[PDB]
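Visitor: Quick one: the structure is below, and I'll ask about it shortly.
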Amino acid sequence: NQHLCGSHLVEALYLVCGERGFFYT
Amino acid sequence: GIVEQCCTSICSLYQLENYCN
Amino acid sequence: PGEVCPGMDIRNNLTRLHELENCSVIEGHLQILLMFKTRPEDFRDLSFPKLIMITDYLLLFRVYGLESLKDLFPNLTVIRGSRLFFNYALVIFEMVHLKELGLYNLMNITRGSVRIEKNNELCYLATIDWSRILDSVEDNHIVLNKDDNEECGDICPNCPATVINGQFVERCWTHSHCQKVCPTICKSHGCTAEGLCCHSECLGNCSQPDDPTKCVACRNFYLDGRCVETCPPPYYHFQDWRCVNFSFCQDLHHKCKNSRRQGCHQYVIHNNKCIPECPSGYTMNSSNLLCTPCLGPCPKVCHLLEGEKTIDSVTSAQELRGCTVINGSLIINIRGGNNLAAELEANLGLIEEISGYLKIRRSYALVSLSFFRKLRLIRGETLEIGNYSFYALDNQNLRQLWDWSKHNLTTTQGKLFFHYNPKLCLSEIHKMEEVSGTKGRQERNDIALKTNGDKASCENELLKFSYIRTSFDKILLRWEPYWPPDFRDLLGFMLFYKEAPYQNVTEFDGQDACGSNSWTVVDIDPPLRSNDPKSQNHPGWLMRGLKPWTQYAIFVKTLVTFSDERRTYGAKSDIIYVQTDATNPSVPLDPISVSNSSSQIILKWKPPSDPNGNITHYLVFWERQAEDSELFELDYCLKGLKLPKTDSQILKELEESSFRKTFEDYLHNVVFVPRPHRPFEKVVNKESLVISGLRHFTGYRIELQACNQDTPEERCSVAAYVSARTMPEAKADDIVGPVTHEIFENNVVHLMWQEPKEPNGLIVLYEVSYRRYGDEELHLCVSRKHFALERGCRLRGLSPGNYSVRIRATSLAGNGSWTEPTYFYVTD
Amino acid sequence: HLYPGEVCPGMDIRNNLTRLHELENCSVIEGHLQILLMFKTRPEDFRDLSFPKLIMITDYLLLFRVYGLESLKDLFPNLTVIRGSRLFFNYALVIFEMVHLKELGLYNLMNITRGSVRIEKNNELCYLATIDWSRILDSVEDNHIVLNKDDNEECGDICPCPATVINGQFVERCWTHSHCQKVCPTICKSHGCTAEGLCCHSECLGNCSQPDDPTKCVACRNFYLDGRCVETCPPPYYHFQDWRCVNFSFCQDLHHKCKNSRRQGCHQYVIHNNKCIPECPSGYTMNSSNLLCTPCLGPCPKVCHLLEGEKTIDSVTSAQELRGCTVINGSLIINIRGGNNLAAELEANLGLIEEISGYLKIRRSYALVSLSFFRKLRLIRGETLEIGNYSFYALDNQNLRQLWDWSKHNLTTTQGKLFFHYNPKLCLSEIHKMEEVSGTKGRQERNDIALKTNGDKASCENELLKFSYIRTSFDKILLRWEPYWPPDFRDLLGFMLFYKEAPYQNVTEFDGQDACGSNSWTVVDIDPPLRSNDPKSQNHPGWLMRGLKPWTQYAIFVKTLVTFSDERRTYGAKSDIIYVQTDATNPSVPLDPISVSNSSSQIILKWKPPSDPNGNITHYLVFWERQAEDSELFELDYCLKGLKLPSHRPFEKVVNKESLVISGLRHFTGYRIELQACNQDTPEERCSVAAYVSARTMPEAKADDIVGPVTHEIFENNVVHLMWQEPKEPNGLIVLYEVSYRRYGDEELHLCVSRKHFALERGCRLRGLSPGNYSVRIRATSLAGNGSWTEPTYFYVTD
DNA sequence: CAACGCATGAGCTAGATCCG
């Protein structure tokens, strides 16, 4: 749908980042 | 702000690849 | 005499009686009432001795100190009575100091009844013969006077008398005037002083006999100092007592076409009489004031009060009942009341045209202006200041102006005004100028762009129904899932349904109240979403409370919240008509069955309550119920015969959904950081049946079926049960043949006979009657069991000699006939 | 010991378990502690991870989207207080969207000091209706526990724990399957508690090791110093983060690290008033070397340099950062969504704002009640403005009521133009006094601040109207109020009067809401007073009420209705609500009267009070009257077709009863009785219409029975005479005498005799019987029933 | 000069200081 907000945002972002890990300062 | 550049408009996969290192 | 003058209505002063200085025949009604501060010394110098014939009535209601009427109205002769007061033509109620009635000269009150009450010093009421004054005597009401207890010595003078109810009392009005009577050869024209009768046209007194020019009260019609029975052309009848020409009836129509306050009665010419209004199905032509009949819907015509009339509630709308064409402006301000469903469409559902300018100022209870259902035009001759003709402010719930598919509005001049109408959308006030045509004669109207659309939506998408399945009593409704682009915003769905007679139901109609609705609103929670094109994500709802073979209307309406830019979304499906299936019907109600012959039954029933389809036919079985065999064992000659989602709940439930959206919108914002068998009969389309070919007096049992579809392996209902009897034949109970006697020596005799070969039901008793001619009779009941055991009857206790013996057999119907007198004789 | 571990700064744990190992021996976490975003984690490896010595966490605790935590009692067994200096969207513990949490398990938690808890969105969580939150954290309404597995009562919920009675039911409160919580007697509230109920030292929370010892406590309260608890620690030491006390050497050397600003999160801690405070507050400057605070020359404000030009106040996490700053160099929005009540905490941190150099904006805020928490606003300088040239601004504030108390507040906005829209409980009077005291006087728009949509749902008027004369009757009640005139004699559509029922004096005030409802007070319109041209006239207006019930209380108030205008006057007028009671009227009929017969003298009778009493019922009134039997039952022969078998005025002023006994009257006779209810009695006795019952008592046994020898007399014509006595009193009326005679072998043959034949034969005569010795047995039957026989007496003739 | 006589009480004739 390419309008990624709501509860799908935390799931769709995981599959594109499945091994690197999330980023923080 | 992820909820203002991927909810008020469309965002590309070049943009939300920045969030993961 | 004098001149005619209209009717007075005087109260609390005496200075208003000066206007009868020259009146002679006061057409209208004179009523003198409620004068309190008047002593009897104020009524001595007051007299109207030339008032002669008043037409409507008279009324004297609580005057004080009126000593007698013989000096106020001393020359009344005729009162007519066209318009009456409680159907009474002369009302004397509750005076004091009233000694004598004293209206000594009135002769023929035409129509009504006199009502004299409760005036505690009045006698000379018993000596007034109302048999020959008013023609319809039986409705007068003379109670609670001074003369319940007879105390006052009403002696009167030399004056003639008659009889009324067996008493030969004398007749007198006062102590110095007595009731004038005329002998019965000249009934109603009235006599002169010596007893000749007057002309054949006059009422009451006449001055000179056999001259119709000079009597004082014409009975039929007055015309120019003469007296005439039917006024010929070129004259016309008016108020059925005098005759005018055409010029005397025309000018006063224009002279009070403008009202001081009311009205005038605008006069028409119609069949030789000036009447106030023509009857139904007749309308005035404005050229020569002639009255012509109708074609189609007739105008009324409804003009209005001072150019503007305001409707606050139903009681304000009652003056505009049935009004078709309105010559002025109009304004609606409705707030509330009770039972507002169909009443605003009832009072003004036949309105045709409006000609001023229309104001929907301050109206809150309405939802739509569809209750101007027959309105075609707002032409607007007079204009609202600001060059307007259509004005609307303070419409907090108005949603729909008019349906531009089933209706065609037009207008010509003026301008429009739509401000502060939030629920009224913008595309629907863009949808009216194609039909009204203000893009023609093109003008710059003033409607603000931001003042409307709030709490409203018009960019809705179209929902398509997906699958439909009907049973005999349930229908499922699943459709395609609608999501706004932010799927947290959709609170849920709203479904609407109602029965429908045809395929013509519109979408927002007939509810039009504050907290009421014609539809049946039902809710359904939204489904879940799994980012999957094929999944279990199609929403659904089950409808249960249905009826067989009905046809409904259904549609889907979303309900979403608002982002903070006044940018809403939503959807609305089409109006889809759904129809159910057929079940077997119920039983035919309350069958009845009367007979009329020896072998016929007729039936009458009702069609069933729920037919559940087009009933093609009925089906009827009849079987025999032979005889109740336990009735065989009773001696019958011993005793006889055995046989709420309120508006505050909407806001607070929508706030809590926007509170849960806000927190998990904040949580993403700080945690992510980017990188830098029996026979049958078949009766069709009827409710009766004449059965034939039956046995007499045998009870039948009848079963009824109502069967709706026949050709594809028919099905129908539980049978309704009823019982019937046939009226028995009279001849079939007589004993066939002479009754045989057998003489034994020991004075018991055998009287045997044969039973009739076709009885009606059963033969239960026998009445045998032996009697010596010249001696008394002793009855004997022969039972069925005794005849069955003995094949006759053994009659004991019989002295010798000849006897006349009568035989009969009592069956369940009645008597048959006696036989011959059975002579068994021995020679003495 | 008290705090045996090492102090330990705040941590974030993401994507693995390897970063969790640096919490090995931490005992207090200043800062916050988050556990976020762990997807590749089986439930089997959290069984061997435990943090025993974690005791108190100062800011908050956030857990969001982890996989494999069945219950928290493996990780955090011993956290007793979470304190809440820095909240997280006004919550101090937030557990949001776990997938495998079964049990809460935080079984040792005692006191949440500042904040609230929000446990949201768990598809497996049970045991949430058994916590008794109102004792743990000191507020109770600000929580939010929805959308869980405990939305239904379906998790089992077995627990083998005081079972407290805080609510109205006897429910039991437990943490997990095998741990029940501790609520001990309530003499000392939060001062700690042992197992056997003995109270601890005053300066403790949670558990205790030994009672009354400030050395071996566990979760200390005010400050901390060298293994003790001191109420105010002495000035060899200073306060720090309101939990410690620390010496001079510590609060100085943190300057030397982040005076070289490698990161702008550090703060140069400077000593002020026995505190180690980061920025010394407004009106003070730091010196060069010695690091104290000295009084300023002139004013020196702490300019509060706001990033990016805007801020959006949402909760006490964002309104925490403006604490103590005085001159905002930007603009503030206010957007508080949902909310129960936030005016208690917004005052103490952003209520010292003096000058603001942008615009305000109060949009979409629901739970605002007044704008009074801004305390020292002096001037909105307004170098910038909004889109459309505005400085102040409002939208959709559904409960705003007051801008500022204008008796003692001054506000000068230099430039810019106001804006008001959709404030359904704000009057135009409070914004027009705003218009005169502000620096702007006549800079408006047309269309200006909205004149229609403000204050629609709340009525508010200023001048009062009093009442002058009230008269009262049993159905009508009359009003008269003193007149009123605006400066325009045409600016009056009249009045409107309201009257409603109220059985008690706690009736509300007029809300002003129009929702087509029953609380619209049944409005009666009043015609306007016609233009009198006279001071004393018939324009002292009143009305008359007609449809009243007697003896009830009504609530009446009166309000005018004028045309609003462009001129800033004629707000109207409105009286205060009073109460008037009408007098009484004749009561109703007594309802459901039953008469029950039990014996030959007692008759009982009951009823109910009437449906419409119309006053306090003083007494009832019962009259009865003896009906006599039918004379047509006196002169008929009664063994033909038909036999009968039925089933001054003495009064009493019965008072405060519902049943009545009447004894001592004649037997089997019928009485007509009538009863009335009756209100006030001694002046002008006024009772209702009566109600009628027919009553019949029960029969007596030995009335119709005859004793004594019957006597037989012998005539020569074999018509034998018989004498007996009629009974002296029967049960109503003797109707037949039944004589029977008997021989040996045959049955008994009987004979009718009634009253006429008994009178005309003087006994009974027997016609034509066989000679010998016949036994005679005699009964009498009345209309009530039968009697017994007599002794069978022999009458004998010999032939 | 401060309830009642010169009515009744929401049944085409007025409307509760509505009339002294």
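Ligands are numbered from 1 in the order shown, residues from 1 within each chain, and chains are lettered A, B, ... in the order they appear in the structure tokens.
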Show me, as number ranges by chain, the residues of chain B whose atoms get within 8 Å of chain C, using only C-alpha atoms for the distance check.

Guide: B: 1-3, 7, 18-21

Visitor: Could you give me, as number ranges by chain, the residues within 12 Å of residue E:16, counting only C-alpha atoms (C1' of nucleotides) and dropping anything in the same chain fewer than 5 positions from it?

Guide: D: 471, 476-479, 542-546; E: 8-10

Visitor: Which chain D residues are at most 10 Å from chain A (counting only C-alpha atoms), as a VMD selection string?

Guide: chain D and resid 12 14 to 16 37 to 40 65

Visitor: Next, write the just-selected residues to a file, as a PDB file, in the first residue's frame, keeping N, CA and C atoms as the atom set.

Guide:
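Listing of again35.pdb after writing:
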ATOM      1  N   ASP D  12      19.528   1.290  27.543  1.00  0.00           N
ATOM      2  CA  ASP D  12      18.608   0.815  26.518  1.00  0.00           C
ATOM      3  C   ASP D  12      19.125  -0.497  25.944  1.00  0.00           C
ATOM      4  N   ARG D  14      18.566  -3.436  23.081  1.00  0.00           N
ATOM      5  CA  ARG D  14      17.919  -3.669  21.793  1.00  0.00           C
ATOM      6  C   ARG D  14      18.592  -4.796  21.020  1.00  0.00           C
ATOM      7  N   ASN D  15      17.766  -5.553  20.288  1.00  0.00           N
ATOM      8  CA  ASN D  15      18.103  -6.548  19.265  1.00  0.00           C
ATOM      9  C   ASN D  15      18.798  -7.820  19.744  1.00  0.00           C
ATOM     10  N   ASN D  16      19.198  -7.897  21.012  1.00  0.00           N
ATOM     11  CA  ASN D  16      19.936  -9.044  21.532  1.00  0.00           C
ATOM     12  C   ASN D  16      19.797  -9.110  23.041  1.00  0.00           C
ATOM     13  N   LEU D  37      12.394  -4.155  21.558  1.00  0.00           N
ATOM     14  CA  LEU D  37      12.586  -4.644  20.191  1.00  0.00           C
ATOM     15  C   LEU D  37      13.519  -5.858  20.134  1.00  0.00           C
ATOM     16  N   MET D  38      13.025  -6.953  20.698  1.00  0.00           N
ATOM     17  CA  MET D  38      13.741  -8.219  20.719  1.00  0.00           C
ATOM     18  C   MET D  38      12.875  -9.273  20.054  1.00  0.00           C
ATOM     19  N   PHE D  39      13.216  -9.641  18.821  1.00  0.00           N
ATOM     20  CA  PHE D  39      12.386 -10.541  18.033  1.00  0.00           C
ATOM     21  C   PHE D  39      12.888 -11.977  18.072  1.00  0.00           C
ATOM     22  N   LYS D  40      14.183 -12.196  17.849  1.00  0.00           N
ATOM     23  CA  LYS D  40      14.747 -13.545  17.798  1.00  0.00           C
ATOM     24  C   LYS D  40      15.103 -13.987  19.213  1.00  0.00           C
ATOM     25  N   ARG D  65       7.423  -4.621  22.868  1.00  0.00           N
ATOM     26  CA  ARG D  65       7.640  -5.581  21.782  1.00  0.00           C
ATOM     27  C   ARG D  65       8.882  -6.442  22.043  1.00  0.00           C
TER      28      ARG D  65
END

Visitor: For chain D, report every residue with an atom at most 7 Å from chain C (counting only C-alpha atoms), formatted as a PyMOL selection string.

Guide: chain D and resi 337-338+516

Visitor: Quick check for you: according to DSSP on this backbone, which residues of stretch 321-477 of chain D are classed as strand (DSSP E or B)? Reply as a ChimeraX atom specification.

Guide: /D:327-328,333-334,355-356,362-363,379-380,394-395,463,467,471-472,477

Visitor: Write a file of the selected residues as a PDB file, in the first residue's frame, keeping N, CA and C atoms.

Guide:
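Saved as again23.pdb:
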ATOM      1  N   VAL D 327      11.907  33.662  30.021  1.00  0.00           N
ATOM      2  CA  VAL D 327      11.676  34.411  28.792  1.00  0.00           C
ATOM      3  C   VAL D 327      11.810  33.442  27.628  1.00  0.00           C
ATOM      4  N   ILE D 328      10.678  32.983  27.106  1.00  0.00           N
ATOM      5  CA  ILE D 328      10.685  32.064  25.975  1.00  0.00           C
ATOM      6  C   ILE D 328      10.938  32.865  24.707  1.00  0.00           C
ATOM      7  N   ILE D 333       2.539  26.151  21.367  1.00  0.00           N
ATOM      8  CA  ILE D 333       1.229  25.589  21.085  1.00  0.00           C
ATOM      9  C   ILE D 333       0.775  24.927  22.378  1.00  0.00           C
ATOM     10  N   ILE D 334      -0.526  24.711  22.537  1.00  0.00           N
ATOM     11  CA  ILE D 334      -1.043  23.850  23.593  1.00  0.00           C
ATOM     12  C   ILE D 334      -2.023  22.884  22.957  1.00  0.00           C
ATOM     13  N   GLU D 355       7.754  36.598  29.946  1.00  0.00           N
ATOM     14  CA  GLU D 355       7.626  37.143  28.606  1.00  0.00           C
ATOM     15  C   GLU D 355       7.679  36.011  27.597  1.00  0.00           C
ATOM     16  N   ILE D 356       6.787  36.072  26.618  1.00  0.00           N
ATOM     17  CA  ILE D 356       6.768  35.106  25.533  1.00  0.00           C
ATOM     18  C   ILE D 356       6.811  35.889  24.231  1.00  0.00           C
ATOM     19  N   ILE D 362      -4.387  27.394  21.223  1.00  0.00           N
ATOM     20  CA  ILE D 362      -5.033  26.418  22.092  1.00  0.00           C
ATOM     21  C   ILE D 362      -6.022  25.660  21.220  1.00  0.00           C
ATOM     22  N   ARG D 363      -5.556  24.593  20.585  1.00  0.00           N
ATOM     23  CA  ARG D 363      -6.369  23.853  19.636  1.00  0.00           C
ATOM     24  C   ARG D 363      -6.621  22.434  20.127  1.00  0.00           C
ATOM     25  N   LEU D 379       3.466  40.108  29.081  1.00  0.00           N
ATOM     26  CA  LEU D 379       3.345  40.644  27.731  1.00  0.00           C
ATOM     27  C   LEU D 379       3.626  39.562  26.701  1.00  0.00           C
ATOM     28  N   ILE D 380       2.739  39.452  25.716  1.00  0.00           N
ATOM     29  CA  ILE D 380       2.970  38.656  24.516  1.00  0.00           C
ATOM     30  C   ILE D 380       3.541  39.613  23.477  1.00  0.00           C
ATOM     31  N   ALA D 394      -7.755  30.063  19.358  1.00  0.00           N
ATOM     32  CA  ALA D 394      -8.431  28.953  20.014  1.00  0.00           C
ATOM     33  C   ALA D 394      -9.212  28.138  18.996  1.00  0.00           C
ATOM     34  N   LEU D 395      -9.363  26.841  19.266  1.00  0.00           N
ATOM     35  CA  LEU D 395     -10.217  25.950  18.478  1.00  0.00           C
ATOM     36  C   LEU D 395     -10.705  24.808  19.349  1.00  0.00           C
ATOM     37  N   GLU D 463     -27.087  40.743  34.962  1.00  0.00           N
ATOM     38  CA  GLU D 463     -27.997  41.466  35.840  1.00  0.00           C
ATOM     39  C   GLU D 463     -29.066  40.523  36.375  1.00  0.00           C
ATOM     40  N   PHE D 467     -37.936  38.313  42.670  1.00  0.00           N
ATOM     41  CA  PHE D 467     -39.364  38.056  42.698  1.00  0.00           C
ATOM     42  C   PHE D 467     -40.025  38.952  43.732  1.00  0.00           C
ATOM     43  N   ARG D 471     -48.293  33.700  45.096  1.00  0.00           N
ATOM     44  CA  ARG D 471     -49.540  33.238  45.680  1.00  0.00           C
ATOM     45  C   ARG D 471     -49.771  31.800  45.251  1.00  0.00           C
ATOM     46  N   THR D 472     -50.381  31.025  46.140  1.00  0.00           N
ATOM     47  CA  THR D 472     -50.423  29.582  45.983  1.00  0.00           C
ATOM     48  C   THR D 472     -51.817  29.051  46.272  1.00  0.00           C
ATOM     49  N   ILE D 477     -50.664  28.478  40.806  1.00  0.00           N
ATOM     50  CA  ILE D 477     -49.637  29.197  41.553  1.00  0.00           C
ATOM     51  C   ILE D 477     -49.141  30.342  40.678  1.00  0.00           C
TER      52      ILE D 477
END

Visitor: Do a neighbour search on stretch 610-626 of chain C at 10 Å with only C-alpha atoms (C1' of nucleotides), toss out local chain neighbours closer than 3 positions, and write the hits as an MDAnalysis selection string.

Guide: chainID C and resid 472 547:550 580:588 607 629 677:687 689 691 694:695 697:710 716 719:724 761

Visitor: So that I have them on file, write out the residues from the current selection with N, CA and C atoms, as a short mmCIF file (atom, residue, chain, number, x, y, z; two decimals), in the first residue's frame.

Guide:
data_model
loop_
_atom_site.label_atom_id
_atom_site.label_comp_id
_atom_site.auth_asym_id
_atom_site.auth_seq_id
_atom_site.Cartn_x
_atom_site.Cartn_y
_atom_site.Cartn_z
N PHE C 472 -35.08 -18.75 4.48
CA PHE C 472 -36.46 -18.40 4.76
C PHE C 472 -36.59 -17.30 5.81
N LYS C 547 -38.93 -11.25 8.05
CA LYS C 547 -40.24 -11.79 7.76
C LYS C 547 -40.23 -12.48 6.41
N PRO C 548 -41.03 -13.53 6.22
CA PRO C 548 -41.03 -14.24 4.94
C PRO C 548 -41.65 -13.43 3.81
N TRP C 549 -41.02 -13.53 2.63
CA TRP C 549 -41.47 -12.93 1.37
C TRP C 549 -41.63 -11.41 1.46
N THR C 550 -40.70 -10.75 2.14
CA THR C 550 -40.68 -9.30 2.21
C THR C 550 -39.57 -8.78 1.29
N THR C 580 -36.59 -11.88 0.30
CA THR C 580 -36.45 -13.20 0.93
C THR C 580 -37.05 -14.38 0.19
N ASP C 581 -37.20 -15.51 0.88
CA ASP C 581 -37.77 -16.70 0.25
C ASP C 581 -39.14 -17.03 0.81
N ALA C 582 -39.69 -18.16 0.40
CA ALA C 582 -41.03 -18.54 0.84
C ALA C 582 -41.03 -19.74 1.75
N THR C 583 -41.79 -19.66 2.83
CA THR C 583 -41.93 -20.80 3.70
C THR C 583 -43.36 -21.25 3.53
N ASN C 584 -43.72 -22.40 4.09
CA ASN C 584 -45.11 -22.82 4.03
C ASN C 584 -45.93 -21.80 4.86
N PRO C 585 -47.20 -21.45 4.44
CA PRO C 585 -47.88 -20.49 5.33
C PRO C 585 -48.38 -21.07 6.63
N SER C 586 -49.19 -20.29 7.35
CA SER C 586 -49.81 -20.74 8.58
C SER C 586 -51.22 -21.24 8.28
N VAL C 587 -52.00 -21.50 9.32
CA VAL C 587 -53.34 -22.08 9.16
C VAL C 587 -54.32 -21.00 8.71
N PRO C 588 -55.37 -21.36 7.97
CA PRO C 588 -56.44 -20.39 7.69
C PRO C 588 -57.26 -20.14 8.95
N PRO C 607 -58.46 -15.57 5.03
CA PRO C 607 -57.10 -15.81 4.55
C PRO C 607 -56.12 -15.73 5.70
N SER C 629 -71.11 -43.47 19.78
CA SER C 629 -71.74 -44.73 20.19
C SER C 629 -71.99 -44.83 21.69
N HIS C 677 -59.84 -43.79 1.71
CA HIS C 677 -59.51 -42.41 2.03
C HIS C 677 -60.72 -41.50 1.89
N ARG C 678 -60.52 -40.20 2.10
CA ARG C 678 -61.58 -39.21 2.04
C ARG C 678 -61.45 -38.37 0.77
N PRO C 679 -62.56 -37.87 0.23
CA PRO C 679 -62.48 -37.04 -0.97
C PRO C 679 -61.93 -35.65 -0.66
N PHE C 680 -61.58 -34.94 -1.73
CA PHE C 680 -60.93 -33.64 -1.62
C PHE C 680 -61.54 -32.69 -2.64
N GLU C 681 -61.42 -31.40 -2.37
CA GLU C 681 -61.82 -30.40 -3.34
C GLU C 681 -60.79 -29.27 -3.34
N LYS C 682 -60.63 -28.66 -4.51
CA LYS C 682 -59.59 -27.67 -4.77
C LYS C 682 -60.26 -26.37 -5.20
N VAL C 683 -60.36 -25.43 -4.28
CA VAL C 683 -60.96 -24.12 -4.54
C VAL C 683 -59.85 -23.11 -4.78
N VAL C 684 -59.96 -22.36 -5.88
CA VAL C 684 -59.00 -21.32 -6.24
C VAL C 684 -59.65 -19.96 -6.04
N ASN C 685 -58.82 -18.97 -5.68
CA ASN C 685 -59.05 -17.53 -5.45
C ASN C 685 -60.43 -17.17 -4.88
N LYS C 686 -60.87 -17.91 -3.86
CA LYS C 686 -62.16 -17.71 -3.24
C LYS C 686 -62.03 -17.94 -1.74
N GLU C 687 -63.07 -17.58 -0.99
CA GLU C 687 -63.09 -17.82 0.45
C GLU C 687 -64.39 -18.51 0.87
N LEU C 689 -67.06 -22.30 -0.13
CA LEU C 689 -67.21 -23.56 -0.85
C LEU C 689 -68.57 -24.16 -0.50
N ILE C 691 -70.34 -27.48 -0.45
CA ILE C 691 -70.25 -28.94 -0.53
C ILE C 691 -71.63 -29.51 -0.87
N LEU C 694 -74.38 -35.20 0.31
CA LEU C 694 -74.11 -35.56 1.70
C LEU C 694 -75.29 -36.29 2.31
N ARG C 695 -75.02 -36.98 3.42
CA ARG C 695 -76.05 -37.61 4.22
C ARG C 695 -76.65 -36.59 5.19
N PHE C 697 -78.07 -34.98 8.58
CA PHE C 697 -77.85 -34.92 10.03
C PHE C 697 -76.73 -35.85 10.49
N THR C 698 -75.63 -35.86 9.75
CA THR C 698 -74.43 -36.59 10.13
C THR C 698 -73.27 -35.61 10.18
N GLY C 699 -72.62 -35.52 11.34
CA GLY C 699 -71.60 -34.50 11.54
C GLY C 699 -70.34 -34.79 10.75
N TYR C 700 -69.93 -33.83 9.93
CA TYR C 700 -68.73 -33.94 9.13
C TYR C 700 -67.58 -33.22 9.82
N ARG C 701 -66.37 -33.71 9.59
CA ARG C 701 -65.15 -33.04 10.01
C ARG C 701 -64.40 -32.54 8.78
N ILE C 702 -64.07 -31.25 8.79
CA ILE C 702 -63.53 -30.57 7.62
C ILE C 702 -62.13 -30.07 7.96
N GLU C 703 -61.17 -30.41 7.11
CA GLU C 703 -59.79 -29.96 7.23
C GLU C 703 -59.48 -28.99 6.10
N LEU C 704 -58.80 -27.89 6.45
CA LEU C 704 -58.50 -26.81 5.52
C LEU C 704 -57.00 -26.67 5.34
N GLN C 705 -56.59 -26.40 4.11
CA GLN C 705 -55.20 -26.17 3.73
C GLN C 705 -55.16 -24.95 2.83
N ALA C 706 -54.12 -24.13 2.97
CA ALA C 706 -53.89 -22.99 2.10
C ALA C 706 -52.56 -23.19 1.40
N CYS C 707 -52.58 -23.33 0.07
CA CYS C 707 -51.42 -23.86 -0.62
C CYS C 707 -50.99 -22.89 -1.71
N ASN C 708 -49.75 -22.40 -1.60
CA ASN C 708 -49.28 -21.20 -2.29
C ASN C 708 -48.57 -21.48 -3.61
N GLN C 709 -47.75 -22.51 -3.68
CA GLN C 709 -47.12 -22.90 -4.94
C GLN C 709 -47.48 -24.36 -5.22
N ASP C 710 -47.92 -24.63 -6.44
CA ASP C 710 -48.54 -25.90 -6.78
C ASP C 710 -47.70 -26.76 -7.71
N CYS C 716 -47.49 -27.05 1.59
CA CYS C 716 -48.39 -26.17 2.33
C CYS C 716 -48.52 -26.62 3.78
N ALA C 719 -53.15 -28.29 8.68
CA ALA C 719 -54.57 -28.16 8.39
C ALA C 719 -55.32 -27.53 9.55
N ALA C 720 -56.30 -26.69 9.23
CA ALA C 720 -57.20 -26.13 10.22
C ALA C 720 -58.44 -27.01 10.30
N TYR C 721 -58.90 -27.29 11.51
CA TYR C 721 -59.95 -28.27 11.74
C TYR C 721 -61.23 -27.57 12.15
N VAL C 722 -62.35 -28.04 11.60
CA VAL C 722 -63.66 -27.50 11.96
C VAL C 722 -64.67 -28.62 11.79
N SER C 723 -65.83 -28.49 12.44
CA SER C 723 -66.88 -29.48 12.36
C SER C 723 -68.15 -28.84 11.83
N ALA C 724 -69.00 -29.66 11.20
CA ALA C 724 -70.21 -29.15 10.58
C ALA C 724 -71.32 -30.17 10.73
N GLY C 761 -79.86 -39.40 12.64
CA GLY C 761 -78.99 -39.60 13.78
C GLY C 761 -79.33 -40.85 14.58
#

Visitor: Show me, as a count of residues only, every residue of chain E with an atom at most 10 Å from chain C, counting only C-alpha atoms (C1' of nucleotides).

Guide: 7

Visitor: One decimal, in Å: what's the spacing between atom CA of residue C:528 and atom CA of residue C:494?

Guide: 16.9 Å

Visitor: Check stretch 89-243 of chain C with DSSP on the backbone and list each residue it calls helix (DSSP H, G or I), as number ranges by chain.

Guide: C: 137-139, 146-148, 184-186

Visitor: Would you compute the distance between atom CA of residue C:395 and atom CA of residue C:341? Give it in Å to one decimal.

Guide: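 Computing it gives 18.6 Å between the two atoms.
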